[PDB]
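Shown below, as structure tokens, is a lone chain in the form deposited in one PDB entry; questions about how it binds or moves come after it.
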């Protein structure tokens, strides 16, 4: 279908959208299950809406369908369903026991709907009800949730009776080949039921070519200047060295040695006793007792007398607290988006940081907070105080400011501590990123 059908309302599909629709239709005609890796921001939901509308209109047996989405995207998917293709009817399962029972026994059990939108928790709670209805199409958004086998959600989603299946995920490869095998096993269990140049790389490419479709965000926009990166090696403070030696040699409970070395290369004040006594002042103690803090104290004012609008990503709330203390000492505007920030407090913070004429300067973010959102286009500099094992998490954190709404250069400064575990972490992350590249980017 070289052109989008007429059932789509509120706009017409794009060329990449219609070619993805054709890919999905070829997949269904061949009777195969596949993965759309079109990356976040390239209309995966719109393509799936178009596929469901095709199945409802051009084919005369639209049966029960189920779409699994994160709870943070239920409203967005329902809105897209109602706007783009109003000809199809969709229902959502969310709420407590009484709301769930009312919804099921009033709309679901009678059986007049065609598409059911549920989140993971509601699927686990209502697996008995959702298990009864024969399923014609199972859509899983952000499919990297079911990577681990023998997880409850993976077992429950493989227990259903589904004629056709589909996965939507921007990052099919995260750490190993086992997750890719798990996704392909969910797709076609018969074909992939084992332990997944010529002997390597190329063989994987030939295997995955029929069952995959990924388009990098470069053939659509032709804008958004590419990623710029700088790596900064930093030595630690002297008490940081002393504590590093103390932890290496072996009274405080230091069970996970790697877990201690992590923060110990960030700031020793996280340990008990490394702080000064009763006065607990916040004047220049933080700066001189962490080399990364010294380098950040150098970097931030220069960006401020320059483009400013910096994002700082860290992997620990304690580190975020210390950074908040430092920012208060330096009299900077700071915003803390963390796991503990209530949902309403996040939205106004994001909007105010994105206000057309703002004054906010520092935005502290835990690297795994929120997810698949947060459009901080006005930001310029992205500072990764730490780095985690998955390079995908770092990539999504750095592209949270590198979005289609960005118009100027964005730079990512990555701090690393020499002769410590940070070298191991960064080299592992690079190994996983190169696996991702050499297996995916083609």
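Residue numbers count along the first chain shown, from 1.
field: Missing from the model but present in the deposited sequence, between residue 250 and residue 251
entry: Missing in between: 10 or more residues.
message: If I compare the deposited sequence with the modelled residues, how many are absent between residue 149 and residue 150: none, 1 to 3, 4 to 9, or 10 or more?
response: In the record, the chain runs straight from residue 149 to residue 150 with none unmodelled.
One more form of this protein, deposited in another entry, exists but is not displayed; see below.
message: Comparing against this form, do residue 80 and residue 378 have their CA atoms pulled together or pushed apart in the other form? The difference is 3 Å or more.
response: Those two alpha carbons end up closer in the other form.
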